[PDB]
Every structure is written in structure tokens, then in C-alpha cells.
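Visitor: File protein_14.txt below, compact mmCIF, C-alpha atoms and all ligand atoms:
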# COMPACT_ATOMS: atom_id res chain seq x y z
CA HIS A 4 -23.30 -15.23 -43.97
CA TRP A 5 -22.12 -13.05 -46.86
CA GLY A 6 -21.52 -9.30 -46.79
CA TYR A 7 -18.91 -6.66 -47.57
CA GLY A 8 -16.58 -6.95 -44.54
CA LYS A 9 -13.00 -8.23 -44.38
CA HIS A 10 -14.23 -11.66 -43.31
CA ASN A 11 -17.30 -12.25 -45.51
CA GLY A 12 -16.79 -9.81 -48.38
CA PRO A 13 -16.30 -10.20 -52.16
CA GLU A 14 -13.06 -12.16 -51.89
CA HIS A 15 -14.84 -14.84 -49.81
CA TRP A 16 -17.94 -15.28 -52.00
CA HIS A 17 -16.56 -17.97 -54.27
CA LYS A 18 -16.58 -20.47 -51.40
CA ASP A 19 -20.36 -20.56 -51.26
CA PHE A 20 -20.86 -19.43 -54.87
CA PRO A 21 -18.15 -20.94 -57.09
CA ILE A 22 -19.57 -19.10 -60.13
CA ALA A 23 -17.87 -16.02 -58.52
CA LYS A 24 -14.85 -17.08 -60.54
CA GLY A 25 -16.83 -17.86 -63.72
CA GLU A 26 -16.64 -16.58 -67.29
CA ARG A 27 -19.20 -13.75 -67.19
CA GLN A 28 -18.99 -12.03 -63.79
CA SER A 29 -20.01 -8.42 -63.02
CA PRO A 30 -19.17 -5.68 -62.49
CA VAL A 31 -16.37 -4.85 -64.95
CA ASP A 32 -14.26 -1.85 -65.75
CA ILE A 33 -15.63 -0.23 -68.89
CA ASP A 34 -12.72 0.72 -71.13
CA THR A 35 -14.35 3.49 -73.19
CA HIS A 36 -11.64 3.45 -75.88
CA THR A 37 -11.99 -0.27 -76.28
CA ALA A 38 -15.83 -0.54 -76.37
CA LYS A 39 -17.16 -1.35 -79.86
CA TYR A 40 -19.59 1.12 -81.35
CA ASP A 41 -22.39 -1.00 -82.67
CA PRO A 42 -24.50 1.16 -85.10
CA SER A 43 -26.81 -1.89 -85.31
CA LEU A 44 -27.97 -1.42 -81.67
CA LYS A 45 -31.45 0.02 -81.23
CA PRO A 46 -32.29 2.94 -78.91
CA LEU A 47 -33.19 1.82 -75.41
CA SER A 48 -36.94 1.93 -74.85
CA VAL A 49 -37.67 2.78 -71.20
CA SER A 50 -41.44 2.85 -70.71
CA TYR A 51 -41.99 3.72 -67.04
CA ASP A 52 -45.18 5.82 -67.28
CA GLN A 53 -47.37 3.19 -65.60
CA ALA A 54 -44.84 2.13 -62.95
CA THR A 55 -46.34 1.21 -59.55
CA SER A 56 -43.94 1.21 -56.60
CA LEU A 57 -45.11 -0.71 -53.55
CA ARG A 58 -42.58 -0.85 -50.71
CA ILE A 59 -39.08 0.07 -49.63
CA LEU A 60 -36.97 -2.20 -47.43
CA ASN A 61 -33.55 -2.64 -45.86
CA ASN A 62 -32.38 -6.20 -46.64
CA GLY A 63 -29.05 -5.83 -44.74
CA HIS A 64 -27.07 -5.49 -47.98
CA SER A 65 -28.74 -2.47 -49.58
CA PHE A 66 -32.14 -0.87 -49.65
CA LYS A 67 -34.63 -1.85 -52.32
CA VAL A 68 -37.79 -0.28 -53.77
CA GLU A 69 -40.13 -3.02 -55.03
CA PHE A 70 -42.57 -2.56 -57.91
CA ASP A 71 -45.81 -4.34 -58.87
CA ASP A 72 -44.46 -6.47 -61.75
CA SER A 73 -47.70 -8.55 -62.09
CA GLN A 74 -48.61 -6.67 -65.34
CA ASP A 75 -46.67 -4.93 -68.13
CA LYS A 76 -46.43 -1.57 -66.33
CA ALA A 77 -42.78 -0.56 -66.46
CA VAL A 78 -40.80 -2.28 -69.13
CA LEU A 79 -37.46 -2.00 -70.84
CA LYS A 80 -37.07 -3.10 -74.42
CA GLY A 81 -34.99 -2.53 -77.52
CA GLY A 82 -31.32 -1.69 -77.18
CA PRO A 83 -29.52 -5.09 -77.23
CA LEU A 84 -32.60 -6.85 -75.88
CA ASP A 85 -34.92 -9.29 -77.64
CA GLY A 86 -38.41 -9.20 -76.20
CA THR A 87 -39.68 -7.31 -73.15
CA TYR A 88 -38.29 -6.98 -69.62
CA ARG A 89 -40.42 -5.92 -66.66
CA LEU A 90 -39.12 -3.62 -63.85
CA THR A 91 -39.24 -5.48 -60.50
CA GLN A 92 -37.08 -3.37 -58.14
CA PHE A 93 -34.29 -0.84 -57.88
CA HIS A 94 -31.51 -0.54 -55.34
CA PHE A 95 -28.15 1.20 -54.95
CA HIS A 96 -24.52 0.52 -54.09
CA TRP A 97 -22.44 3.24 -52.44
CA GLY A 98 -19.21 4.21 -50.70
CA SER A 99 -17.94 5.36 -47.30
CA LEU A 100 -16.78 8.47 -49.14
CA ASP A 101 -17.46 10.14 -52.47
CA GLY A 102 -14.48 8.70 -54.34
CA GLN A 103 -15.81 5.11 -54.30
CA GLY A 104 -19.17 3.31 -54.28
CA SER A 105 -19.89 2.30 -57.86
CA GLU A 106 -19.59 -1.31 -58.93
CA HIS A 107 -18.88 -0.66 -62.58
CA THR A 108 -16.04 1.73 -63.27
CA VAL A 109 -15.31 3.82 -66.37
CA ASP A 110 -11.66 3.91 -67.44
CA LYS A 111 -10.97 2.95 -63.79
CA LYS A 112 -13.00 5.92 -62.46
CA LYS A 113 -15.21 5.08 -59.48
CA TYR A 114 -18.43 6.98 -58.88
CA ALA A 115 -19.93 7.75 -55.49
CA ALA A 116 -22.76 5.28 -56.13
CA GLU A 117 -24.56 3.15 -58.73
CA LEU A 118 -28.31 2.70 -59.19
CA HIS A 119 -29.49 -0.68 -60.42
CA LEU A 120 -32.93 -0.86 -62.09
CA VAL A 121 -33.60 -4.58 -62.25
CA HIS A 122 -35.86 -6.06 -64.97
CA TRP A 123 -36.82 -9.64 -65.89
CA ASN A 124 -37.59 -11.23 -69.27
CA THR A 125 -41.39 -11.65 -69.42
CA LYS A 127 -40.89 -14.99 -71.37
CA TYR A 128 -39.82 -16.53 -68.05
CA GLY A 129 -42.93 -15.49 -66.14
CA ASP A 130 -41.22 -14.48 -62.87
CA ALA A 131 -37.98 -12.86 -61.60
CA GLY A 132 -37.08 -16.06 -59.73
CA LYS A 133 -37.28 -18.27 -62.84
CA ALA A 134 -35.70 -15.51 -64.97
CA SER A 135 -32.60 -15.59 -62.75
CA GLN A 136 -32.02 -19.21 -63.82
CA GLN A 137 -31.61 -18.19 -67.46
CA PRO A 138 -28.69 -16.69 -69.48
CA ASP A 139 -30.92 -13.91 -70.87
CA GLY A 140 -33.14 -13.74 -67.77
CA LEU A 141 -32.44 -10.24 -66.43
CA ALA A 142 -31.61 -6.80 -67.78
CA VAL A 143 -30.16 -4.39 -65.28
CA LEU A 144 -30.01 -0.71 -66.19
CA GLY A 145 -26.96 0.74 -64.42
CA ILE A 146 -26.79 4.47 -63.61
CA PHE A 147 -23.77 6.20 -62.03
CA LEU A 148 -24.21 8.84 -59.32
CA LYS A 149 -21.74 11.71 -58.99
CA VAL A 150 -21.84 14.20 -56.12
CA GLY A 151 -22.80 17.76 -57.06
CA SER A 152 -26.24 19.27 -57.49
CA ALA A 153 -29.16 17.38 -55.97
CA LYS A 154 -31.39 15.05 -57.98
CA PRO A 155 -34.93 16.27 -57.08
CA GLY A 156 -36.46 12.95 -58.17
CA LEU A 157 -34.30 11.04 -55.60
CA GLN A 158 -35.52 13.14 -52.72
CA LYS A 159 -38.65 11.07 -51.95
CA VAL A 160 -36.35 8.04 -51.50
CA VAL A 161 -33.81 9.81 -49.27
CA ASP A 162 -36.52 11.27 -47.03
CA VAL A 163 -37.83 7.85 -45.89
CA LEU A 164 -34.51 6.10 -45.19
CA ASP A 165 -34.64 7.11 -41.50
CA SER A 166 -37.66 4.77 -41.24
CA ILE A 167 -35.77 1.69 -42.56
CA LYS A 168 -32.48 2.21 -40.70
CA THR A 169 -31.80 -1.46 -39.83
CA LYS A 170 -31.88 -4.85 -41.52
CA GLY A 171 -35.41 -6.15 -42.06
CA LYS A 172 -37.24 -2.84 -41.68
CA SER A 173 -39.63 -1.89 -44.47
CA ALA A 174 -42.30 0.68 -45.30
CA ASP A 175 -45.07 1.37 -47.78
CA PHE A 176 -43.67 3.32 -50.69
CA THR A 177 -46.22 4.20 -53.37
CA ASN A 178 -46.34 6.61 -56.31
CA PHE A 179 -42.60 6.86 -56.65
CA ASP A 180 -41.73 7.67 -60.27
CA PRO A 181 -38.42 6.03 -61.37
CA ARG A 182 -38.37 8.35 -64.38
CA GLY A 183 -37.06 10.97 -61.95
CA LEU A 184 -33.79 9.01 -61.57
CA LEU A 185 -32.80 8.96 -65.24
CA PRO A 186 -30.20 11.27 -66.88
CA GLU A 187 -31.04 13.16 -70.10
CA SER A 188 -29.20 10.75 -72.38
CA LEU A 189 -29.88 7.02 -72.87
CA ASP A 190 -26.55 6.36 -74.60
CA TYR A 191 -25.23 3.12 -73.09
CA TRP A 192 -22.62 0.42 -72.99
CA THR A 193 -23.78 -3.19 -72.92
CA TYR A 194 -22.20 -6.55 -72.10
CA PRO A 195 -23.21 -10.03 -70.82
CA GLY A 196 -22.61 -10.48 -67.09
CA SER A 197 -23.97 -11.52 -63.71
CA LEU A 198 -25.69 -10.53 -60.53
CA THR A 199 -23.07 -8.61 -58.48
CA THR A 200 -24.05 -10.12 -55.13
CA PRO A 201 -24.55 -13.81 -54.20
CA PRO A 202 -25.85 -15.93 -55.74
CA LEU A 203 -23.90 -14.27 -58.59
CA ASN A 204 -25.97 -16.01 -61.33
CA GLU A 205 -24.80 -15.33 -64.88
CA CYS A 206 -28.22 -14.17 -66.00
CA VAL A 207 -27.77 -10.40 -66.61
CA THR A 208 -27.62 -8.31 -69.77
CA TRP A 209 -25.93 -5.18 -68.42
CA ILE A 210 -26.97 -1.81 -69.83
CA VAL A 211 -24.92 0.95 -68.24
CA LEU A 212 -25.76 4.55 -69.06
CA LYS A 213 -22.88 6.80 -70.18
CA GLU A 214 -24.27 9.91 -68.48
CA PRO A 215 -24.18 9.95 -64.62
CA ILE A 216 -26.84 11.63 -62.59
CA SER A 217 -25.78 14.29 -60.09
CA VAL A 218 -26.87 13.87 -56.49
CA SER A 219 -26.01 16.14 -53.58
CA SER A 220 -23.68 15.34 -50.68
CA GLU A 221 -26.73 15.61 -48.38
CA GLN A 222 -28.56 12.95 -50.42
CA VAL A 223 -25.69 10.44 -50.35
CA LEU A 224 -25.00 11.13 -46.66
CA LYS A 225 -28.50 9.81 -45.92
CA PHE A 226 -27.62 6.52 -47.64
CA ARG A 227 -24.57 6.24 -45.35
CA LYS A 228 -26.77 6.49 -42.23
CA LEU A 229 -28.30 3.06 -42.96
CA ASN A 230 -27.08 0.01 -40.98
CA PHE A 231 -26.09 -3.46 -42.21
CA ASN A 232 -27.07 -4.94 -38.85
CA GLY A 233 -30.52 -5.63 -37.45
CA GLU A 234 -31.86 -3.57 -34.57
CA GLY A 235 -30.19 -4.56 -31.29
CA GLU A 236 -27.18 -6.15 -33.01
CA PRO A 237 -23.81 -4.24 -33.08
CA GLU A 238 -23.94 -1.03 -35.16
CA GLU A 239 -22.25 -1.33 -38.57
CA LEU A 240 -22.93 1.45 -41.08
CA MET A 241 -24.13 0.26 -44.49
CA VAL A 242 -21.33 1.71 -46.63
CA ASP A 243 -19.04 0.21 -49.27
CA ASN A 244 -21.65 -2.29 -50.36
CA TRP A 245 -20.04 -2.67 -53.79
CA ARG A 246 -18.25 -5.55 -55.52
CA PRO A 247 -15.00 -4.58 -57.32
CA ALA A 248 -14.45 -4.94 -61.05
CA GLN A 249 -14.07 -8.55 -62.20
CA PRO A 250 -11.93 -9.73 -65.15
CA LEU A 251 -13.56 -9.24 -68.54
CA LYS A 252 -12.32 -12.61 -69.90
CA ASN A 253 -13.52 -13.24 -73.44
CA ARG A 254 -16.26 -10.54 -73.54
CA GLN A 255 -16.66 -7.44 -75.72
CA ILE A 256 -18.41 -4.33 -74.39
CA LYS A 257 -20.59 -2.70 -77.02
CA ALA A 258 -21.46 1.00 -77.17
CA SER A 259 -24.70 2.49 -78.54
CA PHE A 260 -22.89 5.73 -79.36
CA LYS A 261 -19.87 7.64 -80.72
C1 LIG A 301 -34.19 -11.36 -59.72
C2 LIG A 301 -33.62 -12.07 -58.53
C3 LIG A 301 -34.11 -13.30 -58.22
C4 LIG A 301 -33.52 -13.85 -57.11
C5 LIG A 301 -33.94 -15.22 -56.62
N1 LIG A 301 -32.56 -13.25 -56.39
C6 LIG A 301 -32.16 -12.05 -56.79
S1 LIG A 301 -30.89 -11.33 -55.77
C7 LIG A 301 -30.12 -10.00 -56.73
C8 LIG A 301 -28.72 -9.95 -56.76
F1 LIG A 301 -28.06 -10.96 -56.16
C9 LIG A 301 -28.01 -8.94 -57.45
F2 LIG A 301 -26.68 -9.02 -57.41
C10 LIG A 301 -28.65 -7.89 -58.15
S2 LIG A 301 -27.67 -6.68 -59.04
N2 LIG A 301 -26.73 -5.89 -57.95
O1 LIG A 301 -28.52 -5.66 -59.63
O2 LIG A 301 -26.76 -7.42 -59.91
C11 LIG A 301 -30.04 -7.96 -58.10
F3 LIG A 301 -30.73 -7.04 -58.73
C12 LIG A 301 -30.77 -8.96 -57.42
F4 LIG A 301 -32.12 -8.89 -57.42
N3 LIG A 301 -32.65 -11.41 -57.85
ZN ZN A 302 -27.03 -4.00 -57.64
Once more with this new file: its structure as C-alpha cells, please.

Guide:
Amino acid sequence: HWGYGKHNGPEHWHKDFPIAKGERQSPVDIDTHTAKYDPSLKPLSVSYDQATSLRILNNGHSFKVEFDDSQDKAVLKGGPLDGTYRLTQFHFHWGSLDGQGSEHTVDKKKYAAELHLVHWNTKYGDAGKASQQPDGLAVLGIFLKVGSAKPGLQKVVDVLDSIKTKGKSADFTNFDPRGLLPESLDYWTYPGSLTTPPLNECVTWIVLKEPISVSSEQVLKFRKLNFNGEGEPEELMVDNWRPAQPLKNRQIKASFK
């Protein structure tokens, strides 16, 4: 089964998921000097005031906070998007040390981690069906750099000890994802894919220019998670990122400069 090791990691994925080598794979390196400023792009509308988190879980690849997406509670619209996208879950990707961990890179720079806020196009009714469509998902990408702590991340970091191993989960209510956003919503955008199997080409990527700062103590708690289930051999969940994939014919658009 797939993972991030030498034997089952990103370079192996195409065998089960041939789209791994397709025309719109993610992540990509964002060449800032090459992105096209599109003055026609709208501001991103992030309406998270009524968000309802439900649970947090370790799925053996990352950890995921799931939201109640059965009504229009936490939605992303505008920017490059047509229509409305509903927040279903967020998760992270991170490194074994601070100099790697992000999936997207900026002028080749790697961040310590990347937050993915995953939304689906309400015209498709469900995240499952949305993932079958070219405009099915919008993922808001946020880079983490190590420095001062992010106070709004703390509630997440404090419960990770309770979901150490694959398949553990816990109730996780009243978490406000607004506490994970940077000041600015300036963004790059491009058409791409899920960054783990099944790698569907269903994602409009929206990657925020401004990183959030998290502390070393916060990221160290991510690195205490395990890929393995309890009573299997210990393997720390670190370096759960896919490297940059070739851009091929695509243009990255910027909302700014
Ligand atoms: C919305 C949906 C539906 C289904 C069936 N699987 C998935 S799995 C998944 C995935 F493979 C991913 F790569 C990502 S990601 N890292 O944000 O691109 C994701 F959010 C995911 F939720 N996601
Ligand atoms: Zn992700």
C-alpha cells in the first residue's frame, strides 16, 4: 500500500495511479517572477464564521480535522472560482526537519509544512462525486514557517497525543479554522490535482502568498505522530509530502502585484 517511504513513496505511485504522470499534477514549484498578474481575478471570499468541526483522526498518511459539510456553513467563493465550495476537512504535510515539509514550493523554497483546507463544489452534492470532476475541489494552500507560535493552531497540537497511531480518532468540536489564516489573502492559482493517491485531476489550487508562523514546539508535536497502527513497527509520520511535479502547459495566475 502507498506511503512516503523508499519502497511505496511518490516515485512508485504511478503504478497504481497512472494519472501520477498526467497533464495537471500537483504540487508545483511556484515561479513568482513567472506567475501572471490577473487584475481580473476577484478577492477570495472565505466565509468560515459558521464552521462546525466534528472530529480529528490519524489516517496513517496525515491527520485530518473533519467538518460538518451537510449545509452551507464554511464556504470559499470568488477568486478564480465559479459558484460555491464547501469546507469538508483540513490536514497538513510536514518535514523531518524545518527546511522541508511543504508540497508546493516558492522559487524552489520549501517551507516546514503546508496546510490544506479542502473544499468541494456544491453543484456536485458531495466531496466523493466532486472528486470525479475537473472543477470539483478547491484547496486553499497555506505555508507554515517556523518562528513565533500560531495561537489558533494550539488547540490542534494539544490533542495530537490522543491520535498518535493510524486509525485513532477523537471528537474535535468548536475549532475555528479562521485562526489558521494569515493576514493577507493574496494568492496564486492554477489547475492541478490531489497530491496523494488517487491523484485525481479535480483541484483548483489557491495558494496563499503569506505564510503563517508556527513555533518549533508546535511542529515538533506533528513529528511525534506515527504512520503505523498501534502494535505495528514504529515509523514516525514525517516527510509526508509529494515533491513538485512538472508544470507542463499550465500558467500560474497571481491575484496581486
Ligand atoms: C474529496 C476527496 C474525496 C475522496 C474520495 N478522496 C479524497 S482523498 C484526498 C487526497 F488524495 C488529497 F491528495 C488531498 S490534497 N493533499 O489536499 O490534495 C485531499 F484533500 C484529499 F481529501 N478526497
Ligand atoms: Zn494535502

Visitor: Write out as a ChimeraX atom specification which residues come within 9 Å of residue 190 (chain A) when counting all atoms listed in the file, dropping same-chain ones fewer than 4 positions away.

Guide: /A:46-47,211-214,258-260

Visitor: Write out as a tab-separated table a residue-level contact list of chain A versus ligand ZN 302 (chain A) with cut-off 9 Å: for each qualifying residue the closest pair of atoms and the distance in Å to one decimal, counting all atoms listed in the file, rows sorted by chain and residue number upward.

Guide:
residue	atom	partner	partner_atom	distance
A:65	CA	A:ZN302	ZN	8.4
A:93	CA	A:ZN302	ZN	7.9
A:94	CA	A:ZN302	ZN	6.1
A:95	CA	A:ZN302	ZN	6.0
A:96	CA	A:ZN302	ZN	6.3
A:106	CA	A:ZN302	ZN	8.0
A:117	CA	A:ZN302	ZN	7.6
A:118	CA	A:ZN302	ZN	7.0
A:119	CA	A:ZN302	ZN	5.0
A:120	CA	A:ZN302	ZN	8.0
A:121	CA	A:ZN302	ZN	8.0
A:143	CA	A:ZN302	ZN	8.3
A:145	CA	A:ZN302	ZN	8.3
A:198	CA	A:ZN302	ZN	7.3
A:199	CA	A:ZN302	ZN	6.1
A:200	CA	A:ZN302	ZN	7.3
A:245	CA	A:ZN302	ZN	8.1

Visitor: For a quick check of understanding, using all atoms listed in the file, which of A:205, A:175, A:101, A:162 has the smallest distance to ligand LIG 301 (chain A)?

Guide: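 For ligand LIG 301 (chain A), the nearest of the given residues is A:205.
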
Visitor: Using all atoms listed in the file - which residues lie no farther than 12 Å from the point (-29.1, -19.0, -65.5) in the file's frame? Write them as number ranges by chain.

Guide: A: 22, 27, 128, 131-141, 195-198, 202-208

Visitor: Generate the output file for the selected residues, C-alpha atoms, as a PDB file, keeping the file's coordinate frame.

Guide:
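Listed below is the output, result-v5.pdb:
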ATOM      1  CA  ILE A  22     -19.570 -19.100 -60.130  1.00  0.00           C
ATOM      2  CA  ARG A  27     -19.200 -13.750 -67.190  1.00  0.00           C
ATOM      3  CA  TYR A 128     -39.820 -16.530 -68.050  1.00  0.00           C
ATOM      4  CA  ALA A 131     -37.980 -12.860 -61.600  1.00  0.00           C
ATOM      5  CA  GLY A 132     -37.080 -16.060 -59.730  1.00  0.00           C
ATOM      6  CA  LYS A 133     -37.280 -18.270 -62.840  1.00  0.00           C
ATOM      7  CA  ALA A 134     -35.700 -15.510 -64.970  1.00  0.00           C
ATOM      8  CA  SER A 135     -32.600 -15.590 -62.750  1.00  0.00           C
ATOM      9  CA  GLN A 136     -32.020 -19.210 -63.820  1.00  0.00           C
ATOM     10  CA  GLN A 137     -31.610 -18.190 -67.460  1.00  0.00           C
ATOM     11  CA  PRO A 138     -28.690 -16.690 -69.480  1.00  0.00           C
ATOM     12  CA  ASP A 139     -30.920 -13.910 -70.870  1.00  0.00           C
ATOM     13  CA  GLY A 140     -33.140 -13.740 -67.770  1.00  0.00           C
ATOM     14  CA  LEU A 141     -32.440 -10.240 -66.430  1.00  0.00           C
ATOM     15  CA  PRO A 195     -23.210 -10.030 -70.820  1.00  0.00           C
ATOM     16  CA  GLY A 196     -22.610 -10.480 -67.090  1.00  0.00           C
ATOM     17  CA  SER A 197     -23.970 -11.520 -63.710  1.00  0.00           C
ATOM     18  CA  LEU A 198     -25.690 -10.530 -60.530  1.00  0.00           C
ATOM     19  CA  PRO A 202     -25.850 -15.930 -55.740  1.00  0.00           C
ATOM     20  CA  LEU A 203     -23.900 -14.270 -58.590  1.00  0.00           C
ATOM     21  CA  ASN A 204     -25.970 -16.010 -61.330  1.00  0.00           C
ATOM     22  CA  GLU A 205     -24.800 -15.330 -64.880  1.00  0.00           C
ATOM     23  CA  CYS A 206     -28.220 -14.170 -66.000  1.00  0.00           C
ATOM     24  CA  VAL A 207     -27.770 -10.400 -66.610  1.00  0.00           C
ATOM     25  CA  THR A 208     -27.620  -8.310 -69.770  1.00  0.00           C
TER      26      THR A 208
END

Visitor: Could you state the separation of CA of residue 30 (chain A) and CA of residue 107 (chain A) in Å, given to one decimal place?

Guide: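 CA of residue 107 (chain A) lies 5.0 Å from CA of residue 30 (chain A).
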
Visitor: At a cut-off of 10 Å from (-26.0, 19.7, -56.1) in the coordinates of the file, what residues are picked up using all atoms listed in the file, written as a VMD selection string?

Guide: chain A and resid 149 to 155 217 to 222

Visitor: With 6 Å on each side, where is the centre of the axis-aligned box around all listed atoms of ligand LIG 301 (chain A), and how long are its edges in Å to one decimal, as lines of an AutoDock Vina configuration file?

Guide:
center_x = -30.4
center_y = -10.4
center_z = -57.8
size_x = 19.5
size_y = 21.6
size_z = 16.1

Visitor: Go ahead and compute the interatomic distance for CA of residue 231 (chain A) and CA of residue 170 (chain A), in Å to one decimal.

Guide: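 Taking CA of residue 231 (chain A) and CA of residue 170 (chain A), their separation equals 6.0 Å.
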
Visitor: Restricting the calculation to all atoms listed in the file: of A:105, A:73, A:55, A:158, which residue gets closest to residue 123 (chain A)?

Guide: A:73

Visitor: Do you have the CA of residue 115 (chain A)-atom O2 of ligand LIG 301 (chain A) distance handy?

Guide: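 Computed distance, CA of residue 115 (chain A) to atom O2 of ligand LIG 301 (chain A), equals 17.2 Å.
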
Visitor: Skipping near chain neighbours, those fewer than 6 positions away, what residues fall within 9 Å of residue 255 (chain A) using all atoms listed in the file, listed as a list in words?

Guide: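 After dropping sequence-adjacent residues, the list is residues 37, 38, 39, 193, 194 and 195 of chain A.
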
Visitor: Using the selection just defined, write its residues with C-alpha atoms as a PDB file, in the frame of the given file.

Guide:
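This went into again-v4.pdb:
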ATOM      1  CA  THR A  37     -11.990  -0.270 -76.280  1.00  0.00           C
ATOM      2  CA  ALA A  38     -15.830  -0.540 -76.370  1.00  0.00           C
ATOM      3  CA  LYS A  39     -17.160  -1.350 -79.860  1.00  0.00           C
ATOM      4  CA  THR A 193     -23.780  -3.190 -72.920  1.00  0.00           C
ATOM      5  CA  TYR A 194     -22.200  -6.550 -72.100  1.00  0.00           C
ATOM      6  CA  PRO A 195     -23.210 -10.030 -70.820  1.00  0.00           C
TER       7      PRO A 195
END

Visitor: Given all atoms listed in the file as the basis, pick out the residue of A:13, A:82, A:129, A:201 nearest to residue 144 (chain A).

Guide: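 Closest to residue 144 (chain A) of all the choices is A:82.
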
Visitor: Please determine, counting all atoms listed in the file, which residue among A:173, A:43, A:178, A:11 has the shortest atom-to-atom distance to residue 58 (chain A).

Guide: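 Of A:173, A:43, A:178, A:11, the one nearest residue 58 (chain A), counting all atoms listed in the file, is A:173.
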
Visitor: At a cut-off of 6 Å, using all atoms listed in the file, what residues contact residue 57 (chain A)? Leave out same-chain residues fewer than 2 positions from it and give the result as a PDB file with C-alpha atoms, keeping the file's coordinate frame.

Guide:
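The new file part-v3.pdb reads:
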ATOM      1  CA  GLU A  69     -40.130  -3.020 -55.030  1.00  0.00           C
ATOM      2  CA  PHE A  70     -42.570  -2.560 -57.910  1.00  0.00           C
ATOM      3  CA  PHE A 176     -43.670   3.320 -50.690  1.00  0.00           C
ATOM      4  CA  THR A 177     -46.220   4.200 -53.370  1.00  0.00           C
TER       5      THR A 177
END

Visitor: Reconstruct N, CA and C atoms of region 237-252 of chain A; output as a PDB file, in the coordinates of the input.

Guide:
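Produced file result15.pdb, reproduced below:
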ATOM      1  N   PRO A 237     -24.834  -5.292 -32.964  1.00  0.00           N
ATOM      2  CA  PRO A 237     -23.810  -4.240 -33.080  1.00  0.00           C
ATOM      3  C   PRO A 237     -23.937  -3.358 -34.318  1.00  0.00           C
ATOM      4  N   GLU A 238     -23.816  -2.037 -34.114  1.00  0.00           N
ATOM      5  CA  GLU A 238     -23.940  -1.030 -35.160  1.00  0.00           C
ATOM      6  C   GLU A 238     -22.811  -1.165 -36.182  1.00  0.00           C
ATOM      7  N   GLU A 239     -23.189  -1.301 -37.458  1.00  0.00           N
ATOM      8  CA  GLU A 239     -22.250  -1.330 -38.570  1.00  0.00           C
ATOM      9  C   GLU A 239     -22.896  -0.563 -39.718  1.00  0.00           C
ATOM     10  N   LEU A 240     -22.330   0.604 -40.069  1.00  0.00           N
ATOM     11  CA  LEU A 240     -22.930   1.450 -41.080  1.00  0.00           C
ATOM     12  C   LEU A 240     -22.933   0.694 -42.401  1.00  0.00           C
ATOM     13  N   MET A 241     -24.067   0.750 -43.116  1.00  0.00           N
ATOM     14  CA  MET A 241     -24.130   0.260 -44.490  1.00  0.00           C
ATOM     15  C   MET A 241     -23.425   1.250 -45.413  1.00  0.00           C
ATOM     16  N   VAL A 242     -22.138   0.980 -45.671  1.00  0.00           N
ATOM     17  CA  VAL A 242     -21.330   1.710 -46.630  1.00  0.00           C
ATOM     18  C   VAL A 242     -20.417   0.700 -47.305  1.00  0.00           C
ATOM     19  N   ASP A 243     -19.905   1.058 -48.478  1.00  0.00           N
ATOM     20  CA  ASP A 243     -19.040   0.210 -49.270  1.00  0.00           C
ATOM     21  C   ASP A 243     -19.706  -1.138 -49.555  1.00  0.00           C
ATOM     22  N   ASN A 244     -20.957  -1.074 -49.992  1.00  0.00           N
ATOM     23  CA  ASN A 244     -21.650  -2.290 -50.360  1.00  0.00           C
ATOM     24  C   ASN A 244     -21.544  -2.491 -51.876  1.00  0.00           C
ATOM     25  N   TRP A 245     -20.318  -2.452 -52.377  1.00  0.00           N
ATOM     26  CA  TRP A 245     -20.040  -2.670 -53.790  1.00  0.00           C
ATOM     27  C   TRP A 245     -19.051  -3.818 -53.959  1.00  0.00           C
ATOM     28  N   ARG A 246     -19.211  -4.553 -55.068  1.00  0.00           N
ATOM     29  CA  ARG A 246     -18.250  -5.550 -55.520  1.00  0.00           C
ATOM     30  C   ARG A 246     -17.295  -4.888 -56.497  1.00  0.00           C
ATOM     31  N   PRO A 247     -15.971  -5.135 -56.373  1.00  0.00           N
ATOM     32  CA  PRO A 247     -15.000  -4.580 -57.320  1.00  0.00           C
ATOM     33  C   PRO A 247     -15.165  -5.181 -58.711  1.00  0.00           C
ATOM     34  N   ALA A 248     -14.568  -4.471 -59.675  1.00  0.00           N
ATOM     35  CA  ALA A 248     -14.450  -4.940 -61.050  1.00  0.00           C
ATOM     36  C   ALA A 248     -13.832  -6.349 -61.119  1.00  0.00           C
ATOM     37  N   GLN A 249     -14.418  -7.161 -62.002  1.00  0.00           N
ATOM     38  CA  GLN A 249     -14.070  -8.550 -62.200  1.00  0.00           C
ATOM     39  C   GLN A 249     -13.473  -8.676 -63.594  1.00  0.00           C
ATOM     40  N   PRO A 250     -12.617  -9.680 -63.861  1.00  0.00           N
ATOM     41  CA  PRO A 250     -11.930  -9.730 -65.150  1.00  0.00           C
ATOM     42  C   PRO A 250     -12.940  -9.894 -66.280  1.00  0.00           C
ATOM     43  N   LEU A 251     -12.635  -9.270 -67.420  1.00  0.00           N
ATOM     44  CA  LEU A 251     -13.560  -9.240 -68.540  1.00  0.00           C
ATOM     45  C   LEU A 251     -13.605 -10.606 -69.241  1.00  0.00           C
ATOM     46  N   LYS A 252     -12.479 -11.327 -69.213  1.00  0.00           N
ATOM     47  CA  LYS A 252     -12.320 -12.610 -69.900  1.00  0.00           C
ATOM     48  C   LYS A 252     -12.635 -12.419 -71.382  1.00  0.00           C
TER      49      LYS A 252
END
